[PDB]
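The data below hold one chain only, encoded as structure tokens and taken in the form solved without the named molecule.
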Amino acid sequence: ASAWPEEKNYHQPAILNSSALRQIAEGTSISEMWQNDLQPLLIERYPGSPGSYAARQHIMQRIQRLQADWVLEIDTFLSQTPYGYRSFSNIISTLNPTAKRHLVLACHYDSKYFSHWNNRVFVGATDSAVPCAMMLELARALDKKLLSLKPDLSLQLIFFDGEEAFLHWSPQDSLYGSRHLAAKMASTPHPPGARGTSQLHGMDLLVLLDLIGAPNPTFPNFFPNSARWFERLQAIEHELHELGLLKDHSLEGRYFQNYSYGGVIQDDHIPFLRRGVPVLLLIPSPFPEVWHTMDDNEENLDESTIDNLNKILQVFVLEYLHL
């Protein structure tokens, strides 16, 4: 019985030097992301809505235009909800589908349902349009390097549907897409033909982004089994900073601070965490001031903070995949 599922326990990053770091910082464009990946997603997109359909087409189209060999799958299912049975569709974008191991980045593309109020519409800018856009900008920025993948380890992106409760949170009303996908992955043999390993055993680490985009985010070190990766985020943030590659940034106001947070946060990582998947959680604590409010809009986003996190995330991914 091969011990490949244990390889993630010992995987070490291939650290980028200064020159490569400047290259990555210069390779990403916050303005390009803003216009081409984020704005099209700032629309009402709760499950089953026209906006949900449009967001999916946007996410799919932006990935399909890239050179790397992304395999796109739409995972569609029915679930009971407070409003009766409804259909949901997770979007999975995978490089090297038969690769045994994958580093996984994830977020949710649905927006929380609210009836229009005073002609205001909830578009969930930090929740989670920006994370969706950061993942698309990461695919774009690193396209040339990812193309070379065409450790038996690759990259996967998941855009969950139905993360949000239709009413207020309850065990049965929330995480529709991730509860569904986690059980499906746990019961799908991997790699193809495998006798006793599942897609879940194949997930090296789930990097989950949500509620990102507000000013001064502080991300705590949530879990001991991914602490050494949280430390790499800190090391990367620190070096990008020292090299003068971040904007409007200081170490005292650093994003990754090593304080723990013991409580549970309800988001898409939960169904995976509870089945044994190591999670690196990029959800700040406290949550943005505009959380679940009509003010979670474009106007309240912090552009240089998103740009800074894009650089950190991209360096982290390259170092993880040895690219």
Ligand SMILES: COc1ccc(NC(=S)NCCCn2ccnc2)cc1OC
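Start at 1 and count along the sequence shown; that's the residue number.
What comes next is about the form solved in complex with the named molecule, which is not displayed.
At a distance of at most 4.5 angstroms from the named molecule in the entry with it bound, none of the three residues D75, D161 and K184 contributes a non-hydrogen atom.
Only one of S49, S260, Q266, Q39 comes within 4.5 Å of the named molecule in the entry with it bound through a heavy atom, and that residue is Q266. Among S29, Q67, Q35, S285, the residue placing a heavy atom within 4.5 Å of the named molecule in the entry with it bound is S285. For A139, no non-hydrogen atom is located within 4.5 Å of the named molecule in the entry with it bound, even though that partner is not displayed. Among heavy atoms of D204, none comes within 4.5 Å of the named molecule in the entry with it bound. Using a 4.5 Å cutoff between non-hydrogen atoms, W169 counts as a contact of the named molecule in the entry with it bound. When contacts are judged by a 4.5 Å heavy atom cut-off, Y53 does not count as touching the named molecule in the entry with it bound.
Remark: of stretches 54-62, 39-47, 250-258, 289-297, the one touching the named molecule in the entry with it bound is 289-297 (heavy atom within 4.5 Å).
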